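Given next, in structure tokens, is a single chain: the form deposited in one PDB entry.
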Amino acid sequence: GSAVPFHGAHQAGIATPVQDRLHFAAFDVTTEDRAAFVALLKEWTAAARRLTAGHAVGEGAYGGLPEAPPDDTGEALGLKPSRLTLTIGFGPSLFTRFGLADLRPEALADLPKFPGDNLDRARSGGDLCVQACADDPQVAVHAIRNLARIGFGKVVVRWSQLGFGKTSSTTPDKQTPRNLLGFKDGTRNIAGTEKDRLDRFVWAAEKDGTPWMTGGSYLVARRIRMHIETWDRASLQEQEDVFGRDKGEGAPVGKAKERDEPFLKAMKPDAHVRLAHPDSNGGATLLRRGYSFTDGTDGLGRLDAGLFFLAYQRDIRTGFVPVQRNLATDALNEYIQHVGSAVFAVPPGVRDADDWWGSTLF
């Protein structure tokens, strides 16, 4: 139930241990006034310092003037911080406003079309995002609700996604979680303790060509539907061949333990792990941080199920793009469909109590 520090060289919510719950929101900007937008970023930063420490925003949830609406909506009263992190990102579309066109980073690349894509335009894109992660869903909803309220008249919610359980790991010392296909997901990631790998593959550097982004990262979000009727009638051998790992232990084919290193040539040529591995992609490595979702039934007698896939990287052109291109022949494609997509530049950390989200850009 402890707090995660809000200040640092980088934003929290990336290398941080993965929390149980997600509430992700994408917002579009409705004001043309640069000064008013800056004022919003500062007020949001102040609220975030309170929320991540388990305190109410502004003057509190009660005990003010009877005739005024309370500053905080009150539904997190008496709850612990619950490892709340709040991570902000800026979409490519933001850079068409406030005279920012020449500051759009080259590494914030638009994604190509991929075979099999069926993207819903209303649950794609966005001028900006807030990723709220916490171990308590009520704490995460409270944060998003209060930020949206503060932003009334300057930003609107475009789309949101809740994640009921994690399907990722930045802590290899702890149990790896399972996705809704029943396999462990997160074994070969980047750990929060691997400082050299984070510097090489995740954090943007000064030399990369965009000074304001130094210490930030780039985020790809993909909403992926799972064809669970089709999957659940597949044989055990079929399921294991798709991935290249066994279902029970999650060991590479032929080996005994989860964390034994894969031997790729024993896997089928279209196995997911074989196609996604760094050695198959010229060394390209990602930090995966996604969550499972279910949004009701599909209207055809079945549960809906999916995975909200989140990846962080130093450059979209050298991280997600080459790996997803290599997945064109993946055996997994028979059982999934990408139905939503967004990219964001995630700025550097808030250094201290006088700093604010986006200060290096504005």
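Residues that one form lacks are left out of the comparison. Sequential numbering from 1, following the sequence displayed. We call the rigid core whatever largest set of C-alpha positions still superposes within 1.5 Å between the two forms.
Keep in mind that the form deposited in another entry is not shown, yet the notes after this line are about it.
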query: Candidates 210, 171, 187, 160 - which moves between the shown form and the other one, C-alpha at least 2 Å, core fixed; finding: 171
query: CA-CA separation of residue 166 and residue 130, closer or farther in the other form than in the form shown [shift of 3 angstroms or more]; finding: farther
query: Closer or farther: C-alpha pair residue 339/residue 170 in the other form, relative to this form, given a change of 3 Å or more; finding: farther
query: Taking the rigid core as reference, consecutive runs of 3 or more residues that move 2 angstroms or more in Cα between the shown form and the other one; finding: 164 to 173
